[PDB]
């Protein structure tokens, strides 16, 4: 890499790793459209396996960006509309609280207080139906945002129904394969297990457990190379040859709702660039990111704004990830770590790196 990229990355990430006691980390910077890679530490502490450019990390909620894009692609295919009632795709959802809840509300966490977590006891198709039928909204649709796996996770499951494909097969054939994300997985195959980092929680090696709507809300594992390619694809959707996918990427960066200085896309969240770093740094803290906040509808939604800080944090019990990019500057960053460390530390580091290069 150019020495400037080398220096800001190393000067930022070395201290981060030390302060946060991160066992292993991979970083990619995309600069004028080219990726530069950096790795530190261990994918598996016990077996002494280093982090490499091929190491798989659990993306946790950064998976929602793939879900939002796959949804976008289904809209572009004319398979679904965000204006469609949820019941169009799940007629068994007959409980009256569902009247007026659209796919848009599910995708953007505005259905009226769907919970952050699907309960552990929910597994089967019938368990899930029961859960949603019994759920009582605290608020009318399209009035408040509450970040929720049970919301965007349901969106992802319903979005692929017309296609006839399983969520995983839809994701592979419509997103992963076309973008050449050949080491990105919802289920890690046996052949790739040698590259699957362990996550670390309280010093213990852990992998994400199966759960309802896991694939849709937090299912994806990927390498730093594939995630850099994911960033490039979202930076320049027009370079993508598959028409509906190019369009789907654009739809996922549209601005649907505003709370404070942030706008809600499909999976992605966006702020105007230049961003106030305290606005995104403090904003990333779960204290704000996970809170109930009233939203203003953007009517109609603003198409992807190039002058944006577009980002998503993600975590599982053992991993912490962050992706941010600025389309107008052809600039972006991916940070993958096998410890779930605080969001504001992630955003602070990313801002320090991108600000310096911008």
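Numbering follows the first chain given and starts at 1. So that the term is clear: the rigid core is the largest set of C-alpha atoms that superpose within 1.5 Å between two forms.
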_Rigid core superposition, C-alpha RMS per stretch in 8 other deposited structures of this protein: which comes out larger, 290 to 298 or 44 to 52?_
290 to 298
*Any chance you could tell me whether 121 to 129 or 140 to 148 drifts more in 8 other deposited structures of this protein, judged by RMS CA distance from this form after superposing on the core?*
121 to 129
*Does residue 110 have no coordinates in at least a third of the other PDB entries examined?*
no
*Determine if residue 284 is unmodelled in a third or more of the other PDB entries compared for this protein.*
yes
*Per the PDB record, is the mean Cα temperature factor higher over 208 to 216 or over 262 to 270?*
208 to 216
*Which is higher on average in the deposited entry, the C-alpha temperature factors of 105 to 113 or of 172 to 180?*
172 to 180
*Among 202, 192, 225, 84 - the residue whose C-alpha B-factor is largest in the record*: 202
*Options 308, 54, 67, 321 - largest CA temperature factor per the record*: 308
*asked:* Is residue 33 in the lowest, middle or highest third of its chain when residues are ranked by C-alpha B-factor?
replied: highest
*Please place residue 229 in the lowest, middle or highest third of its chain by C-alpha B factor as given in the entry.*
middle
*residue 95: which third of its chain by C-alpha temperature factor?*
highest
*Of the three thirds of its chain by CA temperature factor, lowest, middle or highest, which one includes residue 285?*
highest
*If you rank the chain by CA B-factor, which third does residue 279 end up in: lowest, middle or highest?*
highest
